[PDB]
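Listed in order, the protein sequences are those of chains A, B, C, D, E, F and G. The UniProt record's numbering puts the first residue of the first sequence at 30, with every later residue one more than the last. Per the UniProt record's numbering, the second sequence runs over residues 48 to 66, 77 to 132, 150 to 190. Per the UniProt record's numbering, the third sequence runs over residues 27 to 79, 99 to 109. The UniProt record's numbering puts the first residue of the fourth sequence at 35, with every later residue one more than the last. The UniProt record's numbering puts the first residue of the fifth sequence at 40, with every later residue one more than the last. The UniProt record's numbering puts the first residue of the sixth sequence at 47, with every later residue one more than the last. The UniProt record's numbering puts the first residue of the seventh sequence at 12, with every later residue one more than the last. For every residue, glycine included, the Cβ atom is placed at its ideal position computed from N, Cα and C.
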Amino acid sequence: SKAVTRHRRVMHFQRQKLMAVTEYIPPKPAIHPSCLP
Amino acid sequence: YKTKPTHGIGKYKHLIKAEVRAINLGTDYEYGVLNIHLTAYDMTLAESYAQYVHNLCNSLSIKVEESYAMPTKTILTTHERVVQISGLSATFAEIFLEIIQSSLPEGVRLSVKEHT
Amino acid sequence: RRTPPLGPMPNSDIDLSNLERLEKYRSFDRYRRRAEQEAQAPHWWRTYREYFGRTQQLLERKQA
Amino acid sequence: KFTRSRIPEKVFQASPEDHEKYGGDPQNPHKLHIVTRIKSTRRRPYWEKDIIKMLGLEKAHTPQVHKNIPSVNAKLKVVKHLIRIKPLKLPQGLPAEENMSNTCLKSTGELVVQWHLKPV
Amino acid sequence: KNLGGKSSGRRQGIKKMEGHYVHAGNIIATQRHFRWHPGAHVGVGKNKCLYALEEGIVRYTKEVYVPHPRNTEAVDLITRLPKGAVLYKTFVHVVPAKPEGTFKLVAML
Amino acid sequence: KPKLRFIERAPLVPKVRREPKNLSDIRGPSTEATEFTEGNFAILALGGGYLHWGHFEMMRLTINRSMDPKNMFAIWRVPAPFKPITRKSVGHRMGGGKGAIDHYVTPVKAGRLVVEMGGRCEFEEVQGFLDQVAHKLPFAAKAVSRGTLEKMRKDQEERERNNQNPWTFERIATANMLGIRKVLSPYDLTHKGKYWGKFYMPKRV
Amino acid sequence: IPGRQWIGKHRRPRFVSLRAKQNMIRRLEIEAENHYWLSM
RNA sequence: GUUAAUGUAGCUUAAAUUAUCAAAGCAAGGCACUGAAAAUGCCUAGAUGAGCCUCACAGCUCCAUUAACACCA
RNA sequence: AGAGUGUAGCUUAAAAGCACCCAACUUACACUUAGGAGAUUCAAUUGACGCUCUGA
RNA sequence: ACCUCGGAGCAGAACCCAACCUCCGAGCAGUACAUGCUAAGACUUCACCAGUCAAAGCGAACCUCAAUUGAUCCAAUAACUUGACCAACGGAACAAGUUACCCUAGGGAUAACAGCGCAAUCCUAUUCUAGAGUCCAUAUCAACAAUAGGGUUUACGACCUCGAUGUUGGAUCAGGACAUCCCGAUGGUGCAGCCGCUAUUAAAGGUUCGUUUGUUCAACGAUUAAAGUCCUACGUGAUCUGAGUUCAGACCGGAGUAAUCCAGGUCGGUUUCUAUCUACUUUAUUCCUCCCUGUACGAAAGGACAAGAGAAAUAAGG
RNA sequence: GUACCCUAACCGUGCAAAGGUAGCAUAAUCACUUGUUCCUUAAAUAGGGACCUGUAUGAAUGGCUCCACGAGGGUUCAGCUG
RNA sequence: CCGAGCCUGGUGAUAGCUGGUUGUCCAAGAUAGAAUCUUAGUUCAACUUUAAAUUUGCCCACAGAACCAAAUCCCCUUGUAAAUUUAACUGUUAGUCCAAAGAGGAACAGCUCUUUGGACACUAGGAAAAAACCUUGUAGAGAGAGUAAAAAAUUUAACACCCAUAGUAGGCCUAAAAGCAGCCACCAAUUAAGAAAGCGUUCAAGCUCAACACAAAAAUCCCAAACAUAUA
Ligand SMILES: [Mg+2]
Ligand SMILES: [Mg+2]
Ligand SMILES: [Mg+2]
Ligand SMILES: [Mg+2]
Ligand SMILES: [Mg+2]
Ligand SMILES: [Mg+2]
Ligand SMILES: [Mg+2]
Ligand SMILES: [Mg+2]
Ligand SMILES: [Mg+2]
Ligand SMILES: [Mg+2]
Ligand SMILES: [Mg+2]
Ligand SMILES: [Mg+2]
Ligand SMILES: [Mg+2]
Ligand SMILES: [Mg+2]
Ligand SMILES: [Mg+2]
Ligand SMILES: [Mg+2]
Ligand SMILES: [Mg+2]
Ligand SMILES: [Mg+2]
Ligand SMILES: [Mg+2]
Ligand SMILES: [Mg+2]
Ligand SMILES: [Mg+2]
Ligand SMILES: [Mg+2]
Ligand SMILES: [Mg+2]
Ligand SMILES: [Mg+2]
């Protein structure tokens, strides 16, 4: 398989793990801003 | 080498330009190619004035492509020489023309005719 | 990988985009005088040099 | 292709936040590492299988004193994913020839030079 | 349709790098075109190879290319350059280690 | 001429030498034609792909159809098809040379603008037929403004600054943290985990 | 899965649990400390 | 589909550079007129994209087309 | 009237180096080779002859 | 088509690096006639063979070109030297066709059949509204494209099998899928009724007989409520058949000097097994007639559903 | 080049030793080709009879009729029979 | 049993081809290539093994390697203990998948061909089973202990209500095209309704709107059982 395929190519599992570890975590505030005046 | 700070110390083809209409775009207005026809019946008076306009252009950094001649006509043969000029600024146009006017030796006629 | 140059590179300050308007060496001896002078100036790279290294007197003379 | 990896010098420039998380001093740093291999050399390239033989880390979970010099540290930067680096801290000093036979390296990384097996 | 092109590699390039000790006659760098030009105590063969003339240490430097005036191709490339332009080429030198001999006492006559 | 001009199937003089499929003109972020020049609204390429001549006819007919040429104009940002793609003749065995040149193709990388729009008109009159052309393209595409392009770029700058994940992809790949460069590319150091082949993950930091 | 589950064009998908995420994270924290002690 | 040859005036033959000639049509001439026989001209991007030289002139480049080949179950 | 000041054309040259002029080979330019003209504004770092500008 | 040598790309920066990969070339020409002799040190086309470079010295003077080539054999010549499109270019010798009369050794390293991979080709489903449909995108069909799915086809690959996995159709007996041809239940209609067209749902049951052809197909005859698309080793030959297709004979046309060949046609041509093990061996639909009624509907021509009754047919059980 | 119910010898310089004649013909005769049409069948890729671009028919590689003959290869009437 | 009988002899024909190659235990041990009537083989190299001699080997830092990307080469320190030479030979020279850079093909193949690196032909644990992915290598006994890799997460489409007079069928072009066939102008009444933004008329008329006001489908039979709530 080439490096550019027409389908989404299946990742190596150790590559699939750091795309799961380094996923974006949004900043969650302590109090929801719609619960504050 | 590529990974060293001395990369491209020996390159030179960007210092060599190895390989026309009237160019008046927005302010930098300049002519195209010019031709300067000088006709006289003396080969001595035509060849020697062909030098001086070429020496006047070289002293003013004006690009001279060709300096050839067209053949004679048997009237007595009138010798005609063409001096190709490109590029004059606004201030240069009246000044560069009036000195060739103010140096015409003996009955030779000028021309600012153009190409083809 | 590229590493930037340490000092100024040669043919850099004279480098322009117009090459027809710039006046040239037309000769070999004009280039060689500039070439010999540039070899004697100290440079930031390795070179061959690193490893293989009153008023009365004028008035009398102008009269003479 | 798969080549060796040049890790830039920016990665090994510690931030002042990092001196607070791990208890190190930038001025007067430690002298001796304690290197311990925690990953196998199998499924690793041959230039990491040989560096591990050069540092003596052929056995896993066996500590080894190495100097904190930029030539030993160049070998530890190759195989840093295989090992665990900790400073050898010395609460008492380095052992004399009388206290040479009563030492113990603890799991905190410290080398006690008097090791009885009696409680405090 | 595309026949030919099965030529092997020439194995050219630098045989003795920077700082290497090199005796007289050692080929320093074999090349196809003039990538490295000769310098001090380095000669050129017919096939543009660079061999060493003295026993010494190889150094690679960058200096000003002044071609020979009979070399009409490069001189016509020199005289198209702008007025501050200076060409450079990588030169290979041999820094000669030994002296060429000492004066030894033969006999008291 | 406020219309998309005719795009020809081939150049005037055609390419006589069969070029190899450099597939690296699809992968990665684009560098040419990423910003607006004499326009306001466009079609962003959120993924790489190849435009045949059929895509240019789709874009040219169904933009000139739904348009006011007295109030709108359009220009191309992708060139005419130049890269030759060579198909072997059907039902043949393997080997025996390289196939003859069949058709031509423009490569389009991710982040590339494809067409541009403009004139005395707003985005809501233009999101109609530019989001239907973007769906017919062989890559994931999007109708963008100048205001909604710089919004989605400054949003990802805000995603890259807010995230509570201590490990990003650039910190792990460039340091070779788990020996992870055994499973990555050399391209992944400048791709930073956002490009996987021809595709583009814009939610990834 | 058409042929040989883990190789080829169509493989069976493998997914990342909380085990495999936490195992890589605690190996990434030994690594971040490794970059600290080699920096001085 | 692969190998092989082919390219002509309005059409075909030829000429080994240069381009010949029988039909075709253009009129006039003999016949009451019309076909023939003469006596005259004409009609050739030599199928072509560039020119190493100069090229029907000869190799690439070629677009039509003509024969063989249109295996192997 | 005031300011800036000032080596031949230019010079963070100190009597210099480039620019510059003619003649011959060049259609001509260019190159080259033969030749050519050149200056520290005068008086003891200082003052007053000349130029540039801002004024009437 | 190719086989040797060289330049460039793949192979971006020491070297190297394949390909029936992509592009260019070479089998010489010219000028010298010290294009003499010698000799340190090296390079090396991944071995060897050959190929390169060279200071000093002797002797004089004051090679260009990327490739531009060919070993050994001792003879042709007095000697120095010279001799291959040995181009299959590390080179036997100048030795061809053919085999279905074939044989042997092997190979699943390697083809045909089947499985498998794959999905270009094929089939399908949605997205998009261009356009057809008087007007009207969406009753119906559908261009350019897009995103999915299937694994019927033509192909590709060469992974199991060549110490044998035996084939086209047919017979027999069928198992299954639903992407439904009929019967069932619904939504839409450019649905008045009758006929339809289209989609949702349903796999319980059913899905004909013949003439020509070895034919699957295909055409035609007569029917049917309908004469479904497929998969099952192109289901099933230790159940059967053998017309085609593969033999040994033979003409006919053509190719060849002939032997022989065509994939071109035609006549003829042995289908082996006593069952060891597994598995198994009694789990109601449809049509037509009549009636409703020539009513509803329709301007007519036409012409129904639902309910009811009777006749059949097949299937299963006797 | 021209036949003009698609039908004028009405002209034909290229050359070869000679340029397929009579007959038969979709043949056991490359493909095209289930060629065109009639009879035969309810239905005819079969069988028979006529027409010829049979551009690979053809005269002892023998051509064409006809009488007999055939465990030869096709087609058919009637009868008959699991 | 005749494409050339059968028997004996040469004959233990020859086979780069298949099959077979018999006590115990330990040790080292895998993939550059080139020539070849050669690619089913062999010779040389490379790799491997033993014995011997010696001195460096590997890892590497500044500096350095050309003009028309990842890295490598070279390289003292340093970490280390190996390497080169000499002597004697055998065998492997019919590889696979994965990651990466590419080529060919369809940016198809469990496809083909190079390169860099792994793993496999070697043990064990895991990914269900599993040569090639992940963890882990140096061997034994134990009814000890800490660990490594290691268990998939997702469930998605409501939406305005009200109201509509008027310069004028704006002119032109058009049989006439009036807000809507086309072009130009696009002002103006009342507090507020466009010389009209969708439908609709041969053209009109009518309807509204803007304006006031308030994702999935294939063939024997789905495929662990199950479970939202007890403290990392
Ligand atoms: Mg090459
Ligand atoms: Mg090679
Ligand atoms: Mg499988
Ligand atoms: Mg060698
Ligand atoms: Mg000499
Ligand atoms: Mg040979
Ligand atoms: Mg050979
Ligand atoms: Mg036979
Ligand atoms: Mg097969
Ligand atoms: Mg196989
Ligand atoms: Mg294979
Ligand atoms: Mg077999
Ligand atoms: Mg068997
Ligand atoms: Mg259904
Ligand atoms: Mg079957
Ligand atoms: Mg059976
Ligand atoms: Mg018989
Ligand atoms: Mg034997
Ligand atoms: Mg062992
Ligand atoms: Mg063999
Ligand atoms: Mg070293
Ligand atoms: Mg393979
Ligand atoms: Mg152990
Ligand atoms: Mg409203």
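Task: Closer than 8 Å to chain G by CB, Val-33 of chain A - done: The beta carbon of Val-33 of chain A sits no closer than 8 Å to any beta carbon of chain G.
- [ ] Kindly provide the ranges of any alpha helix (DSSP H) runs that are 4 or more residues long and lie completely inside the segment 67–155 of chain F, ordered along the chain.
- [x] 99–110
Task: Residues near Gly-74 of chain F in its chain [Cβ-Cβ closer than 7 Å; skip 5 each side] - done: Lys-155, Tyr-233, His-237, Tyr-241
Task: Backbone CA spacing between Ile-53 of chain E and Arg-71 of chain E [nearest angstrom] - done: 12 Å
- [ ] Determine, using beta carbons only, whether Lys-244 of chain F and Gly-95 of chain F come nearer to each other than 8 Å.
- [x] The answer is yes: Cβ separation under 8 Å.
Open item on the list: Taking only three categories from DSSP, how would you classify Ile-117 of chain E?
Closed with: helix
Task: Reduced DSSP secondary structure (H/G/I, E/B, other) of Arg-183 of chain B - done: strand
- [ ] Please determine, among D:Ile-68, D:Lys-93, D:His-115, the residue with the shortest C-alpha to C-alpha distance to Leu-145 of chain D.
- [x] That would be D:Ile-68, whose Cα lies nearest to the Cα of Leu-145 of chain D.
Open item on the list: Between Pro-63 of chain D and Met-51 of chain G, how many whole angstroms is the CB-CB distance? I'm expecting something under 8 Å.
Closed with: A Cβ-Cβ separation of about 4 Å places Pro-63 of chain D in contact with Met-51 of chain G under the 8 Å criterion.
Task: Distance CB(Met-198 of chain F)-CB(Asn-86 of chain F) smaller than 8 Å - done: no
TODO: Apply the 10 Å Cβ neighbour rule to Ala-124 of chain E and answer buried if 16 or more other Cβ atoms are within range, or exposed otherwise.
DONE: buried
TODO: Please check the pair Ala-79 of chain E and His-132 of chain E, which I expect to be a contact at CB under 8 Å, by giving their CB distance rounded to whole angstroms.
DONE: 4 Å
Open item on the list: Could you check whether the Cβ of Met-198 of chain F sits closer than 8 Å to any Cβ belonging to chain D?
Closed with: By this cut-off, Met-198 of chain F is not an interface position.
Task: Continuous alpha helix (DSSP H) stretch holding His-111 of chain B: start and end - done: 100–115
Task: the segment 122–134 of chain F contacting the segment 143–153 of chain F, beta-carbon criterion three pairs below 8 Å - done: yes
Task: Cα-Cα separation, residue 71 of chain B to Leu-183 of chain F - done: Residue 71 of chain B cannot be placed in this structure, since chain B goes from 66 to 77 without the numbers between.
Task: C-alpha gap between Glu-42 of chain G and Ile-72 of chain D, whole angstroms - done: Inter-residue distance for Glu-42 of chain G and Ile-72 of chain D is about 11 Å (C-alpha atoms, whole angstroms).
Task: Start and end residues, beta strand (DSSP E) containing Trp-75 of chain E - done: Counting along the chain, the unbroken beta strand (DSSP E) around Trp-75 of chain E starts and ends at 75–77.
Open item on the list: Is the separation between the beta-carbon of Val-90 of chain B and that of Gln-158 of chain B shorter than 8 Å?
Closed with: yes
- [ ] Check the C-beta distance from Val-50 of chain A over to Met-35 of chain G and give it rounded, since I have them as a contact under 8 Å.
- [x] 5 Å
TODO: Give me the Cα-Cα distance between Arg-50 of chain E and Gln-43 of chain A, rounded to the nearest whole angstrom.
DONE: 40 Å
Task: Where the beta strand (DSSP E) through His-100 of chain D begins and ends - done: 98–101
Open item on the list: Suppose the cutoff is 7 Å on Cβ atoms and the five residues either side in sequence are ignored; what does the same chain contact list for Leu-89 of chain D look like?
Closed with: Taken in chain order, the residues that qualify are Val-69, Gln-98, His-100, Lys-109.
TODO: Using a Cβ cut-off of 8 Å, pull out every chain C residue sitting near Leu-62 of chain B, in sequence order please.
DONE: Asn-37, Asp-41, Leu-45, listed in chain order.
Task: Which residues DSSP lists as bridging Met-56 of chain E, in chain order - done: DSSP lists no partner for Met-56 of chain E.
Task: Cβ separation of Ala-120 of chain F and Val-161 of chain F, assumed to be a contact under 8 Å, to the nearest whole Å - done: Correct: roughly 6 Å between the Cβ atoms.
Open item on the list: Output needed in chain order: residues of the segment 87–121 of chain E with a Cβ under 9 Å from some Cβ in chain B.
Closed with: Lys-101, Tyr-104, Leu-116, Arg-119, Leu-120, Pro-121
Open item on the list: Just verifying my parser: in three-state terms, what is the DSSP assignment at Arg-71 of chain D?
Closed with: strand
TODO: Could you tell me the distance, in whole angstroms, from the CA atom of residue 160 of chain D to the CA atom of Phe-36 of chain D?
DONE: Missing from the structure shown is residue 160 of chain D; chain D here goes from 35 to 154 and no further.
Task: Residue of D:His-115, D:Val-112, D:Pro-121 minimising C-alpha distance to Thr-142 of chain D - done: Per the Cα distances, D:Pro-121.
TODO: For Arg-118 of chain D, write down the residues that DSSP places opposite it in a beta bridge.
DONE: D:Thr-70
Open item on the list: According to DSSP, simplified to helix, strand and coil, what is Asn-107 of chain D?
Closed with: In the three-state scheme derived from DSSP, where H, G and I count as helix and E and B as strand, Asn-107 of chain D is classed as helix.
Open item on the list: Please identify the residue among B:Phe-166, B:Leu-178, B:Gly-161, B:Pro-179 whose C-alpha is closest to the C-alpha of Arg-78 of chain B.
Closed with: Answer by Cα proximity: B:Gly-161.
Task: Residue-level contact to chain D via CB, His-21 of chain G, 8 Å cutoff - done: no
- [ ] Specify, as a first and last residue, the run of the beta strand (DSSP E) that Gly-82 of chain E falls within.
- [x] 81–83
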